[PDB]
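Here is what each chain is made of, one letter per residue.
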4 protein chains.
Amino acid sequence: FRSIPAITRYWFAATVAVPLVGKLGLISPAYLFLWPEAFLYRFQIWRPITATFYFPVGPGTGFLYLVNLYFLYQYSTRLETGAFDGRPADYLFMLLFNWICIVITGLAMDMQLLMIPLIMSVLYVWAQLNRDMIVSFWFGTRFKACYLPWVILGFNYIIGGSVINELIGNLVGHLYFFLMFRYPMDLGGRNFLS
Amino acid sequence: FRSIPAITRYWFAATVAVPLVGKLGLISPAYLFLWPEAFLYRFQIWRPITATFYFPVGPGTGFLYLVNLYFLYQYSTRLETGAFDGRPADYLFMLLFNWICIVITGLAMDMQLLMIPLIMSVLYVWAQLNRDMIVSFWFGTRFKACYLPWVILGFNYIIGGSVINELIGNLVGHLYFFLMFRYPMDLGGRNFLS
Amino acid sequence: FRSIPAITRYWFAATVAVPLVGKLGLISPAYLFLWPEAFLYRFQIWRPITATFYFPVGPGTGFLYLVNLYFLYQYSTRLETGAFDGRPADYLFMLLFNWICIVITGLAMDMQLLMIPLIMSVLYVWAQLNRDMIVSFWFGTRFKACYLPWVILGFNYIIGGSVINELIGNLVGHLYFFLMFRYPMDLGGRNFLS
Amino acid sequence: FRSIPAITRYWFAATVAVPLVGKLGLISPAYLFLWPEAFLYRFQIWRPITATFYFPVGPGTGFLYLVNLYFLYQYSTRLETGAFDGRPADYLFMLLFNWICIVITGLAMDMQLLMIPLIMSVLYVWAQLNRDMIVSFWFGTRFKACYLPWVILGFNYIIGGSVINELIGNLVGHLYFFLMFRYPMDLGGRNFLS
């Protein structure tokens, strides 16, 4: 939807374009998995940037991708109209921070598809920046907010799935919230353009 | 109701019937795949024609069959009633022409079940000659014209499998449209039952 | 529900009791499969009576059993209050007829769990004896009757499954309906007790 | 709400927590199975107690965990509030006594995850002394007393797996019921924190 929705729609364009160049057969998808065993000794700088945008699509894994893209579009732009309003280098620094933390803890783990925890992290930091909102749902129209990433884990226990793909992002959101709210000197750097 | 709504609904009857012969267990489904290299060395003229009358319904690929068959019935007779009330022989020639090229481009590539791209070919050919009609869905009535091939491509991309097979059907549909509504000497064949 | 619902509840008691003696581990269920290869040369008179009452239960095949037992209790007792009203040797002769026919045609096939087609057969003969009933459903509250066993096949194509477990019963129901309605001399025999 | 609703909800906290340790990937689930013959030769006192605090949630056995945990929380504190407002030490002795016999009858048989039968043991002990209460379900309010163990056995029989695990839990519940409400000299132990 290129009709000026926000400033950072390049992310949404990348996450809709890269599985289309993966699935069609231009590049064999074996080169996009973020292998830490191939990142330890061999340098191979392709993976930790090409893995955060690619998601594999299969006939049976085709609703997680759609609902994660919906979470991305619907909950990143609310910060774009509510928190990104001016000084956008600050919130680009926010989005880089949990990026580098979750890629280094995915090297600490053995997780290989790094697209879910970043969106879960930005969803949790949305819900934590907007505590005490009376409406959060449409069936149970009254809902206590900020519990949404845990309700995502509840729907994961309904679908079975796994929880290792989400709780690291849901913890790094609390990490950034603590280092922002509690203590100062978590400021940006050079290359300011605003 | 099978009250002969159009002159060529034996296509619909056969594309319902032959998958019941497949799933019933009379002939093995491995005999109906259009193995192209087995069509190359061996003669085997059993399978350029039965491959486009087959779809392996079962555990998981069940909604795709119903949606594509519904779109086939829903738009074939509407193509017949719109700007095709006469000349049924030229309509049969149209239904032959995209087939005799899609069998070649499917023989070069590695596609097996050529049921979906021919249905989206005739849907695309309907889309080119039916501009400004907006009433498409019962719920989504705001769908603009010549967008429905891309959204059924999106449905086959999310629920189904590959994407390279439907794009070549759109390509051969555009090929027939340009070669039929711009240039002469493509009338049809003799001994037509017009 | 032993509270006098009908006359032939012995069938329902058998079909609720035999999977409980199978699943608990008293008898290894390898002796209950109706092997025609063990019925051809070896006599082995256990199988074609012990296989028509036993149904295997697994965590994931646990709704077909419940819905088939519901079809049994709901649609056999309707004949008990509508067609079995007196002279019950006639309808015992009905229930034994399609029993031995689907036994001999399951020997003609290789199908091994003989519980579904008998209930589908008696459901189809119910719907055929009650042609021109205005109500047949609750969501689409107007429904043309006797299409119910084909709607069961439609829900099978939704669930994927297989249609060889139902169409032989749905055909033997039409066989009995033809041999009852069209021609005489399909009468019972001795051991009358009514 | 964790507002300490009863004195022994650490059971509930642990039976929620330890499956997250299992599904998280810290300790392998093969170390927590109560292999009885491996408990026979080897000492291995890691596994009489961790086996009754575990359930392998995931792809397929997900609703059984939620329903059984809901029944545990819903009836443990209601047993505590009904005829057990005093004497918590005898309640703890009750929660020990069925365990120290179910570990023996599970060691003789081949059961692994002793979470379900202890919950239905305490549910059956509740049902045995709570006659004539009819209001049980929010929809099915006509459920008579001392029938709920059989219907949760039916739920575990249809959705879950085996049936031999729950009957010995009902048996040891009846054993404790008769041996506690008829015969003396089973008071408890010294150093009780009453």
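Residues numbered from 1 in each chain as written, not as in the entry; some residues may be left out. Chains lettered and ligands numbered in written order. Heavy atoms only, no water. Residues with missing side-chain atoms left out of burial classes, pairs and counts.

Draft legend 1. Examining the side chain of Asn156(A) more closely. Counting through the fold element by element, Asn156(A) comes out in helix α7 (residues 148-159). Its relative accessible area of 11% is what places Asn156(A) among the buried residues. (Helix = DSSP H or I, 4+ residues; strand = E, 2+ residues; numbered from the N terminus. Buried < 20%, exposed > 50% of the residue type's maximum accessible area, 1.4 Å probe, protein only.)

Draft legend 2. Just the packing of helix α4 (residues 88-108) of chain D against helix α7 (residues 164-180) of chain D, in detail. Residues and elements named next belong to chain D. Taken N-terminus to C-terminus, the directions of α4 and α7 make an angle of 135°; their axes are 10 Å apart at the nearest point. One finds that α4 runs oblique with respect to α7. The hand of the α4/α7 crossing is right-handed. Only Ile168, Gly169, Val172, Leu175 and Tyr176 of α7 make contact with α4, whose side of the interface consists of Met94, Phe97, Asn98, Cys101, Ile102 and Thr105. Broken down by class, the residue content of the contact of α4 with α7 amounts to 8 nonpolar, 3 polar and no charged. (Axes fitted to C-alpha atoms, helices over the stretch in contact; angles between N-to-C directions. Parallel < 35°, antiparallel > 145°, perpendicular 65-115°, else oblique. Left-handed = near helix turned anticlockwise from the far one by under 90°. Contact = heavy atoms within 4.5 Å. Nonpolar A, V, L, I, M, F, W, Y, C, P; charged D, E, K, R; others polar.)

Draft legend 3. Structural detail: the interface of chain A and chain D. Each side of the interface is counted separately: chain A has 6 residues, and chain D has 7 residues. Roughly 620 Å² of surface becomes buried between chain A and chain D when both sides are summed, with 71% attributable to carbon and sulfur atoms. Of all residues in chain A, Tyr157(A), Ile158(A) and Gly160(A) bury the most surface against chain D, accounting for 62% of the area lost on that side. Put simply, chain A and chain D have 0 salt bridges between them. On inspection of chain A and its partner chain D, the count reaches 0 residue pairs in polar contact. Grouping the amino acids of the side of chain A that touches chain D by side-chain chemistry returns 4 nonpolar, 2 polar and no charged. (Buried area = accessible area lost by both parts, 1.4 Å probe. Salt bridge = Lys/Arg side-chain N within 4 Å of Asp/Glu carboxyl O. Polar contact = N/O pair within 3.5 Å; in protein donor to acceptor, adjacent residues only side chain to side chain.)

Draft legend 4. Structural view of the UniProt feature "transmembrane region" in chain A. In this numbering, the UniProt entry assigns the feature "transmembrane region" to residues 9-24, 63-82, 88-108, 116-130, 148-159 and 164-182 of chain A. Secondary structure within residues 164-182 of chain A divides into 79% helix and 0% strand; the distance between the first and last C-alpha atoms comes to 27 Å. (UniProt positions renumbered as here; feature names shortened; annotations may be inferred.)

Draft legend 5. Structural context of the pattern of salt bridges. Scanning all chains against the criterion turns up 2 salt bridges over all chains. Here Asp90(A) makes a salt bridge to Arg87(A), at a shortest N to O gap of 3.5 Å.

Draft legend 6. A look at unusual backbone geometry. Of note in the backbone geometry, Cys146(B) takes a positive phi value of approximately 45° without being a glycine. Assignment of secondary structure puts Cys146(B) in the loop between α5 (116-128) and α6 (148-158). A residue is classified by how much of its surface remains accessible, and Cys146(B), at 30% relative accessible area, is partly exposed. Located in the positive-phi region is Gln44(C), a residue other than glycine, with phi close to 55°. Within the secondary structure, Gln44(C) sits in the loop between α2 (37-40) and α3 (47-50). In this structure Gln44(C) comes out as partly exposed when scored by relative accessible area, which is 23%.

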